[PDB]
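Take a look at this single chain, the form deposited in one PDB entry, given in structure tokens.
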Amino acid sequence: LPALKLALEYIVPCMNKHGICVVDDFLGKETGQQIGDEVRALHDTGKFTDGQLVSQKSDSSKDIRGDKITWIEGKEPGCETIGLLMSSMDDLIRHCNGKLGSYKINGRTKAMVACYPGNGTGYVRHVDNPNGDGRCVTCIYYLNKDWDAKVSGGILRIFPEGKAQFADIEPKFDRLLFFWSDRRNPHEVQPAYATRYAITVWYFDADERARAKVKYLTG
């Protein structure tokens, strides 16, 4: 859909009022299936590795997050539709400039293509950005065509701060999700019993990301 109206009349007010925004049927079935084939080809060819954490201590990463991921820039051969997805997410964000809270969004991560391979794998309750690393908006696209969450699980449960109800997000095919990445939205991926795929980008706030880079570059 035209980016300007979707951004200004739905995404912006949803985010500022609730800190979570779902856009169903984002790209349509044909593009959504082409993305799924590209993700399945990354899986089949051994590209995924264990998902990792910002800080590692004594624990195995797999006691925290059970997924396997790869990072995609969007220009790689065989990832062209993932690149269209990323460009589409970026177009919405550019149309939101200066209207998502007080953030100034200038950049983002590469895309994290992630798979929970069934077997009860999930992600314990966490905050995406608890300590000021620059991430202000988490953007996730789901591509699971026949997902029945009532049997296969895999629900993303968010616990938005200040609300009388939690937000249950089934990982529905062609669903796009935005949420604030900071401590306002602790969330968990409940155990998945079938192969579950999602693609995430995180958008950076310029000033916070600059402070986080300064911290990293000074040790």
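Numbering starts at 1 and follows the sequence shown. Each form is matched to the other, and the largest set of C-alpha atoms that superpose within 1.5 Å is called the rigid core.
Practice problem: Would you tell me which stretch averages the higher CA B-factor in the PDB entry, 177-185 or 45-53? | Solution: Comparing 177-185 with 45-53, the higher average CA B-factor belongs to 45-53.
Check the entry's C-alpha temperature factors for 119-127 and 76-84, then say which stretch has the higher mean. Mean CA B-factor is higher for 76-84.
Problem - Among 89, 96, 140, 111 - the residue whose C-alpha B-factor is largest in the record - result: Each of 89, 96, 140, 111 was compared by C-alpha B-factor; the highest is 96.
- Task: Would you please rank residue 134 by its C-alpha temperature factor against the other modelled residues of its chain and give the third it falls in: lowest, middle or highest?
- Result: CA B-factor rank for residue 134: lowest third.
Assigned third (lowest, middle, highest) for the C-alpha B factor of residue 167: For residue 167, the deposited C-alpha B-factor lands in the middle third.
In terms of the chain's CA B-factor thirds, is residue 65 lowest, middle or highest? Residue 65: CA B-factor falls in the lowest third of its chain.
Below, we refer to the form deposited in another entry, which is not included among the displayed structures.
**Asked** When the rigid core of both forms is overlaid, which of 32, 186, 51, 153 is the one whose C-alpha moves 2 angstroms or more between the shown form and the other one?
**Response** Among the listed residues, the outlier is 51.
Q.
Once the core is superposed between the shown form and the other one, does residue 62 show a C-alpha displacement of at least 2 Å?
A. True for residue 62: a C-alpha shift of 2 Å or more.
message = At a change of 3 Å or more, would you call the C-alpha separation of residue 55 and residue 115 in the other entry closer or farther than in the form supplied?
response = Here the pair is farther apart than in the other entry; there, closer.
Quiz prompt | Sense of the change in Cα distance from residue 196 to residue 55 in the other entry - at least 3 Å versus the shown form | solution = Compared with the form shown here, the C-alpha atoms of residue 196 and residue 55 sit closer together in the other entry, by 3 Å or more.
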